[PDB]
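Asks: quick one, what's the 3D model for this:
(7 chains)
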Amino acid sequence: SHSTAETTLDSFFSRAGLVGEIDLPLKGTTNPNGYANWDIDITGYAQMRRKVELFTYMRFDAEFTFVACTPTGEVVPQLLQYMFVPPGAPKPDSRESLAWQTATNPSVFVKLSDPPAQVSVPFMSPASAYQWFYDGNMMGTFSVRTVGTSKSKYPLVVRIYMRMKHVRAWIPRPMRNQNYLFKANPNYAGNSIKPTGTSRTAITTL
Amino acid sequence: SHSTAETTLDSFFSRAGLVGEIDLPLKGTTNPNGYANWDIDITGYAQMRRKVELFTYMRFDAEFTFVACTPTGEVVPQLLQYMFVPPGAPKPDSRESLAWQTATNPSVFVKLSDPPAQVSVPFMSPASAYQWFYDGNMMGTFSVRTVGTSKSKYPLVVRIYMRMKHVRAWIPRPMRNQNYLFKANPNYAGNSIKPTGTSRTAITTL
Amino acid sequence: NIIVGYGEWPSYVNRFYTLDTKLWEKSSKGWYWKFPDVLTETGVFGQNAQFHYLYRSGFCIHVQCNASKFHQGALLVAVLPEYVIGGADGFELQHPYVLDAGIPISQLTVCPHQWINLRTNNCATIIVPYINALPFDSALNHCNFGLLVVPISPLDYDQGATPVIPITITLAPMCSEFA
Amino acid sequence: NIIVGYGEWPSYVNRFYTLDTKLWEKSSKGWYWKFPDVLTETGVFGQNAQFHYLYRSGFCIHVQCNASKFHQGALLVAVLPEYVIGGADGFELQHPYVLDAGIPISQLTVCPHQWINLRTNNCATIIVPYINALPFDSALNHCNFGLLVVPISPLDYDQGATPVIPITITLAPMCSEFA
Amino acid sequence: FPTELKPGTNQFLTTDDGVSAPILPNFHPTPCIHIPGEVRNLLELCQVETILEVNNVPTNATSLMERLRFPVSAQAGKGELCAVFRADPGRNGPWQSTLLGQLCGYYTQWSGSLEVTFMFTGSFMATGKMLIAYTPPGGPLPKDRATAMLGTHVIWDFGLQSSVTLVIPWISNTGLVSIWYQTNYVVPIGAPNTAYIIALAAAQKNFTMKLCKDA
Amino acid sequence: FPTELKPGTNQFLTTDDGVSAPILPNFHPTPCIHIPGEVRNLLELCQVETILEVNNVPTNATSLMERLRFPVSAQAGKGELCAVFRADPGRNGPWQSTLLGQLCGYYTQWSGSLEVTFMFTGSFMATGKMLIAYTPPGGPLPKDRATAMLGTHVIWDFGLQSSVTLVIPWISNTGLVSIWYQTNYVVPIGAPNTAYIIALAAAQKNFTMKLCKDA
Amino acid sequence: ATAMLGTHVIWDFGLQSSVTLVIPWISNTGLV
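Replies: Numbering: from 1, shown residues only, chains lettered A, B, ... in the order given. I have put the structure below:
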């Protein structure tokens, strides 16, 4: 007989997982200007959607960690910004945009030769809980750039990890059966419907 | 119904914003000698003037943070000084000026490969409060240089952030209507006066 | 018997509304209704729901079917809040196995449900409170839940007996509020 | 009625001074006065203010206008400390919309103010304490506040009635100190 | 004394609150004297009436003061619409002239009750009646005075009162206000045939805001 | 105040729990209203009966609903085997359709008791008997009904009861269940000759799991 | 459906054999 503390809701959703990956190449066309906007979503971790869609309503806080390095994995002398844009505010559209110097958007200046940064974001919904199903969930945005006027001398990659804390859930649902097709859409391929599990030749044979 | 703690005066003026930007080029004519004098003002942040001019009298302390790097955004082995000149004292006029070695001007020696420096400045007015209107506000000066006798080997940029604490205000006023023309001057362009807001075709049509 | 959804009674036009009768066939796949959309053009409740800006209510649902002792089959009646699909006459299911939403039917008993076995009983009663993330909502822009009546065991009979079995739904609002 | 500015009474030559009368016209834009400059060459107060090094006082202001029952219009009377513009006869407003300082007139009710509606009343009384960042100041180098009388609704009458309406200002120092 | 450093160690967060090293120890600031009119919350300023520019039609520099009132004439019939405006302090329109709209332009969400005051500035010998109506969110503008009567409304008399007040029950981060002619504008011989109305708007004690923003 | 730094100083462990700097001080979240149906442990969902797909033979899209029941006909003799399945919720097979199997696919170890319910959905005039047997771990499938009788079993009557329940004493991170014909399927004239059985499975109050895993 | 919105009763052959309906008032009229 094991313990019942392994199946609480704060153990099911309890670890930091990779939810984002921002690429800042020295050349090419991915992010030609040394900045990028990433919208906060929890389905960046591939296993999170089926886990959270077991319930209709959820309520939690989040903790974010930023790990940055060169594509090889090297550590270089660079400074970055990591701005947070709350839901309802304009987002940057250039390196000279005035949104980078708005005091109501919190920022975290940090070096690459530093331990990864870490911040906490509260529950930001206008309602009492988030809902993954609405018959009839904006959290914010993280903007990443390199501090300075000229372009950076190194190629950089930024990885974002999220951990959910103080979790509450209501009204369980059946777990997902079929492959997903879209985001924020329960649509499924109607020409190829598969059974829940595996089959056997006859009902009287093991 | 939200909370009334979001509209207190310590929430309206509550965040650190960029108020200054000092450039120390390796070549050119901006600051040919490796030093600069910056007079402490709060309207370096573009949105601060209309916010503070909502009242006639104000009283607060300030907190200053200094972030330094190369125009690209690199981190280099350099040492800087950051001297504070109180109101009423002579300011430096050269790299060999004797003002840099006056013990009554506080200094902060720091490295570029260090966390940003941070100091607190008290309320320094000879009166009971500052006033943005006088019918009939010197805080000090920050001097920035590179430690040494010879010139630096790198180009540097220094950015200054200010946060106001322990805020008190008296006697509210109407908010600014028109574009500003000068500093410490309520002058406006009298040939182009614009309405407060937007217009419509008729009073009986939405 | 009577089951109370999630162990909660409704709390803070109140009459019986009997809907049109469905015909259960040998090849039926299932039906569903959406609330409050099922009652938005019928009577005083429907007049109240299209002229007020905020709405809040619970419900009491009865499902009935009369058949003889020589018929057989079984139905599952369940209530699913926020039933997103991937009037007063309802809709039929295209793929009942995935409940038309990509989720298995075999786990639908995780919701407030009842069984109608033609050899045992012919009635099912479910009491549903108000469920939302908001105290009030709009009766014309949001459907709070859906009602499902799906045959898990097919209807069977011998030739000469009646080939269609009627299913009747009668429901009453409980603790309805308007503003 | 009587309004007390900011809910404070004046605290630690004291007679009535009646100024010259202004004429309100159909095309008037508004007038303003500055204190203590309005009383610096009139009587004992003016003699005291030009020969002492420090000064401190409050004020009581009455604004009056007599018209008939066939006239119409409305004035706003307000007091604005440290009224920086971008004698005993006052000055006229050039652009009353921006109050000659780049600030809207519609928000001038945020200051101690009164309304004079010709159909309702014909008087306004405001009591102003001493406001400064210093206990004492100079009466010849600093103006503490300004008084504004601006018509929000234009003066109208029928031809044959009097085309000018008089406005009278009478004021009394309160708790004045000199040193 | 063993210690460990955590992943948020050498970072500068602009919203972080702490304590710093005083640059000038042994310095004593000037003591605070008493100054009248101290403000501690912005809701005090939100609860003050300011002029509402219902008539935001003209745009010339010399006609800018006409936006502060709207007319009532003797050439209009009974049952005819006078003016109409919305109940949205934070949106573009008439409410931009008030201090409540300017202050809620510094935030993101708000909710509460409002109040509007109408003041008549005609002559003492003028009489008449008006109908002021309020339509809740989601409804359309009434087509005529009879439809506006079936709803939230008030009947205003120039002879009896000079000012009237209307309360808007609730708004969120909507409704409509319309003024109709109930009777005609009655006036004796020797008095002007046109008058003006001035509108003032404020907020009630249950108004709140949240999530500061830069405008 | 002297201090020393230890070998785990500037490291980021993803399972580490601590406290961080709030990005938005002075912000108050929306208060929580009451919502019915709150879940605090997953064992509550583990203890709910769900349909067991014993008949996981067909695979066509249009025949997918036939996996939810298995037949009982009048053309079968007495003592003949009807169906057989294992007692392994976390393994591939019939138990994959239940919520217990899906939930224990997110862990590594489990142990406890189970229960299976069989419901008969024939006509009211049909009668017969069945034998449901359970074989402990390590034993083989019984060769005939007489061997299955010597063991844990139950005799089920269609006329008397519509549902029966069987308890599996203990399983670990096994046994077999087999259904035999005791009598033949008796039916009057005018009633259908075939019926179906629906099986539902759940867990008892002593079931537990451990060492979460991603599936 | 229109008849449902009014005074009515639902009668079951299996459960009851007889039903009773009361007419509230008539004078020296209604329909069933």
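Asks: what's the burial count for residue E:5?
Replies: Other residues lying near residue E:5 total 14 when counted by other Cβ atoms under 10 Å in any protein chain shown. Any C-beta I mention is one placed from the backbone N, CA and C, and that applies to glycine too.
Asks: in which helix or strand would I find it?
Replies: Mapping residue E:5 onto the secondary structure by DSSP states H and E places it in no helix or strand at all.
Asks: verify the stated contact: it with residue F:9.
Replies: Yes. Residue E:5 lies in contact with residue F:9 (Cβ atoms under 8 Å); the separation is 4.7 Å.
Asks: can you tell me the closest non-neighbouring residue to the residue of chain E positioned farthest from its centre?
Replies: Most distant from the centre of chain E: residue E:1, at 61.0 Å, with distances by Cα atoms, centre = their mean. Nearest non-adjacent residue to residue E:1, counting by Cβ to Cβ, 6 or more residues apart in numbering or on different chains: residue F:3, 5.2 Å away.
Asks: right, and the one you found touches residue E:5 too?
Replies: No. Using Cβ under 8 Å, residue F:3 is not in contact with residue E:5, being 10.7 Å away.
Asks: tell me the contacts of residue 157?
Replies: I'll assume chain A. A:21, A:22, A:23, A:24, A:68, A:69, A:70, A:71 (Cβ atoms under 8 Å, 6 or more residues apart in numbering or on different chains).
Asks: hm, I was asking about chain E
Replies: If a contact means Cβ under 8 Å, 6+ apart, then residue E:157 has E:127, E:128, E:129 as its contacts.
Asks: measure it to chain G for me?
Replies: Residue E:157 sits 45 Å away from chain G, taking Cβ to the nearest Cβ, to the nearest Å as the criterion.
Asks: now that residue, which residues is it bridged with?
Replies: Partner residues in beta bridges with residue E:157, using DSSP bridges, are residue E:129.
Asks: can you report how many residues lie near residue A:136?
Replies: One way to gauge burial is a neighbour count; for residue A:136, by other Cβ under 10 Å, it gives 12.
Asks: using the three-state scheme, assign it.
Replies: Secondary structure for residue A:136, judged by DSSP: H, G, I helix; E, B strand; the rest coil, is coil.
Asks: mind listing what it touches?
Replies: Applying Cβ under 8 Å, 6+ apart, one finds that residue A:136 lies in contact with C:141, C:142, C:143.
Asks: now these: which count as buried?
Replies: C:142, C:143 (16 or more other Cβ atoms under 10 Å in any protein chain shown).
Asks: in chain C, which spans are strands?
Replies: Assigned by DSSP state E, the strands in chain C fall at C:2-4, C:17-18, C:22-24, C:31-35, C:55-65, C:72-81, C:91-92, C:113-117, C:123-128, C:145-156, C:165-178.
Asks: paired strands for the longest one, with orientation please.
Replies: Partners of strand C:165-178 in the sheet, by DSSP bridges, are strand C:17-18 (antiparallel), strand C:22-24 (antiparallel), strand C:55-65 (antiparallel).
Asks: so which residue of chain E comes closest to chain B?
Replies: Each residue of chain E has a distance to chain B, by Cβ to the nearest Cβ, and the smallest belongs to residue E:96, at 2.9 Å.
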